[PDB]
Amino acid sequence: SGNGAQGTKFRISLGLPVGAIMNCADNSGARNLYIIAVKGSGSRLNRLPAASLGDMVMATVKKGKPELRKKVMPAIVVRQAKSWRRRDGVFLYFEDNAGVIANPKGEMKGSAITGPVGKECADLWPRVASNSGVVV
Amino acid sequence: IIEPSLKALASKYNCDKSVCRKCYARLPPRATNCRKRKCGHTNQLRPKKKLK
Amino acid sequence: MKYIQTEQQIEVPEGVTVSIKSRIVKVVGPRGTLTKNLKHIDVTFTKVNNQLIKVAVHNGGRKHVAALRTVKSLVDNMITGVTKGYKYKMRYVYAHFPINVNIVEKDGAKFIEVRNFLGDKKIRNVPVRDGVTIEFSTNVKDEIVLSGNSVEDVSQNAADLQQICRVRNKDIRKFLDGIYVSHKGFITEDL
RNA sequence: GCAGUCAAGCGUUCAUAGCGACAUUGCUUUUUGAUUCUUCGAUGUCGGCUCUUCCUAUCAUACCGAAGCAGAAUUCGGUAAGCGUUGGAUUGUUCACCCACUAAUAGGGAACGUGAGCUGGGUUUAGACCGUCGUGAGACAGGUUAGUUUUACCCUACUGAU
């Protein structure tokens, strides 16, 4: 969810807590992303705010082209690699985590996306679907 | 459409009042005290500020 | 100061009659009949000249004597209700959004429907009490008329419609729109 | 630490929209003091994790009032704790400063709640190193490293059962 995330998303399994490392899915020059927080989280003692498919989070680049480092930058999750249940009755998951760089307004700094993109992310974020590749 | 004939009537209940400075309550323009008890039936009342 | 005796004189017009039982009062007139219970004030009544009814209080304090006059006020105020009738007129105030006010009957409720007030999509319904009727002004735009034979029933129904149109989280001194009392008149055109 | 009253003035023009000098009246026992009354045949001393309840001087949510409230945003106040007040880097840390989310990251009490609930990171025996002091043995809120933490098979209280 969050600002600019028009429409709503059905809840799915949370499989990306604070401190996860995610492969860089888009051609922004980065190699991995380090999740520091998630948008629209809760407040409970000793609970890591976790992320999921289609969610937008801010993640630093622990390993990538230099001036993409040492600073916070929001991103959008395109793969989860964690079994989540759709309404249609399927328990599916991806091969690995993947995220795409995106400013808070919702558009993408990158140009293209490599690998499958969950349609729970394409539907929720229109610009991700604009620059998406494989759709599930 | 302004029709200021009813503005003097609409403002009769909205603006033409007085306010007690401590309790911040609406009072009649000619009231000498405040009807509430939290403020303590005060003597000082400020007129409602006019527009602009 | 424990006033020894205080009195007021009620004048009874020849067109109506008033019935007294202990502290229950009923008036009978051409327009109708209303009854009020005044057992919560502890006043005394007396009939002397048919058209004159005298209210008295013996050994009453200052606060209690203040209630003596209001007993006369309400009794005399409903005397004109049963004799002349009461007619309150409202006017509709708005800046950009016209207000639609109608009368709608839902299961015999006589609800006053308010639509498009400040552009609000929510509907506003105000019940019409017993003995009060609502009419529209002649050849004058956006003016409702509340015609009733009672004093408190008409006036309370009048205020209820006024207070149903409020402004939420805005500047009161700028958005003057709503609905307000314009004229407190009687049913009788001459009086 | 908190809350008033008066009131010169600030507030473009105006004492109280919001502030408010010079003085002055009280509240609080989560600061720190002073006293030394209980306890030195001894009531286990800091902090952190876990958990329950209570109080409100309400941070957010509910309903309202006032503005130098045109909307938005904000600011001041009233009934109100019913409900919610977080995740991390540093530090033992109380405290504090930052990163970030969030409607918000409000203050607190209950033997400075809680060790026969836990840990022993710190201060606090004994080993040892450095600096200052001492002729010396040794002294320092100094700095640093290593340093066994025991019992409920009782009564009540609570949780379940006859």
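Every residue, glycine as well, gets a Cβ built from its backbone with ideal geometry; the counts of neighbours run over all protein chains shown. Since every read-out is calculated from the coordinates, none of them should be taken as a lab result.
Quick one: which of C:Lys2/C:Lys26; A:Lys65/A:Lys105; C:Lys47/C:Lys110; B:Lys38/C:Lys2 span more than 32 angstrom between C-alpha atoms?
From C:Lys2/C:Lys26; A:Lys65/A:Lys105; C:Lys47/C:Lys110; B:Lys38/C:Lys2, over 32 Å: C:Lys47/C:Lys110.
Calculate, for C:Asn100 and B:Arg46, the FRET efficiency according to 1/(1 + (r/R0)^6) with r their C-beta to C-beta distance and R0 30 Å; round to the nearest 0.05.
0.20
Mind checking which of A:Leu68, A:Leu16, A:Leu92 has the largest fluctuation in a GNM of chain A, springs on alpha carbons under 10 Å?
So, out of A:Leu68, A:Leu16, A:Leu92, the one fluctuating most is A:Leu92.
If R0 is 51 Å, what FRET efficiency do you get for C:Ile4 and C:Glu135 from their C-beta distance, rounded to 0.05?
0.55
Calculated from DSSP H runs of 4 or more alone, at -39500 (n - 2.57) each and per residue, what is the 222 nm mean residue ellipticity of the protein assembly as shown, nearest 500?
Mean residue ellipticity, 222 nm, calculated: -4500 deg cm²/dmol.
Just counting partner chain Cβ atoms within 10 Å, what average do the residues of peptide C:108-120 show around their Cβ?
If you average over the peptide's residues, the count of other-chain Cβ atoms is 0.
Report the paramagnetic label zone for A:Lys62: residues of the stretch A:70-100 whose backbone N is under 19 Å from a point 7 Å from Cα along the Cα-to-Cβ axis.
Only A:70-82, A:96-100 pass the distance filter.
Beyond 21 Å between alpha-carbons counts as too far, so tell me which of A:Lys62/A:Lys109; A:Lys39/A:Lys82; B:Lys48/C:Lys122; C:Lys54/C:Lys87; C:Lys21/C:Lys63; A:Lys71/A:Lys119 fall in that bin.
B:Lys48/C:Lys122; C:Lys54/C:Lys87; C:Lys21/C:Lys63; A:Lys71/A:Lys119
Would you mind ranking A:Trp84, A:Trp125 by Cβ crowding within 10 Å, fewest neighbours first?
Fewest to most other Cβ atoms nearby, the residues stand as A:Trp84, A:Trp125.
Quick query: amide H of C:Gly60 versus all other amide H atoms, modeled in the peptide plane; which residues come in under 5 Å with a sequence gap of 5 or more or a different chain?
Under 5 Å from the amide H of C:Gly60 lie the amide H atoms of C:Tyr3, each far enough along the sequence or on another chain.
Could I have the simple spin-label model distance between C:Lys47 and A:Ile36, label points 7 Å from Cα toward Cβ, reported in nm to one decimal?
Result for the modelled spin labels: 9.1 nm.
Among the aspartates and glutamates, select those whose C-alpha is under 14 Å from the C-alpha of C:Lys84, and discard any that sit fewer than 8 residues away in the same chain.
C:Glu14, C:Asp76, C:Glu189, C:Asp190
Name the most mobile residue of A:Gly64, A:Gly54, A:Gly42, meaning the one with the largest mean-square fluctuation, in a Gaussian network model of chain A with Cα contacts below 10 Å.
A:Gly42
Give the long-range amide H neighbours of A:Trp84: residues separated by 5 or more places, or on another chain, with amide H under 5 Å away, using H modelled in the peptide plane at 1.01 Å from N.
Excluding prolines and chain starts, which carry no amide H, the hits are A:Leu92.
From the phi angles alone, apply the Karplus equation (6.51, -1.76, 1.60; θ = phi - 60°) to the stretch A:15-27 and give each ³J(HN,Hα) in whole Hz, x where the residue is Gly or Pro.
Computed from phi, the couplings for the stretch A:15-27 are x, 9, x, 5, x, 7, 10, 10, 4, 7, 7, 10, 8 Hz.
Between helix B:4-14 and chain B, what is the angle of the helix's C-alpha long axis to the longest principal axis, kept within 0 to 90° and rounded to the nearest 10?
The helix B:4-14 is inclined about 20 degrees to chain B.
To make sure I understand, if each residue's beta carbon is the centre and we count other beta carbons within 10 Å, what order do A:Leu45, C:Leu146 fall in, fewest to most?
Lowest to highest Cβ neighbour count: A:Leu45, C:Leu146.
Report the residues of the stretch C:1-24 in range of a label on B:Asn33: point 7 Å along Cα→C-beta, backbone N strictly under 17 Å from it.
C:1, by backbone N distance to the label point.
Can you give the angle from 0 to 90° between the axis of helix C:62-83 and the longest principal axis of chain C, with both taken from C-alpha atoms, to the nearest 10?
The angle comes out near 70 degrees.
Please compute the modelled spin-label separation between C:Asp171 and A:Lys70, points set 7 Å along Cα→Cβ, answer in nm with one decimal.
4.9 nm
For the protein assembly as shown, what is the charge dipole size about the Cα centre, in debye to the nearest 20, if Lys and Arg each add +1 at the Cβ and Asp and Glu each add -1 at the Cβ?
With only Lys, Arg, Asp and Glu charged at Cβ, the dipole is about 2060 debye.
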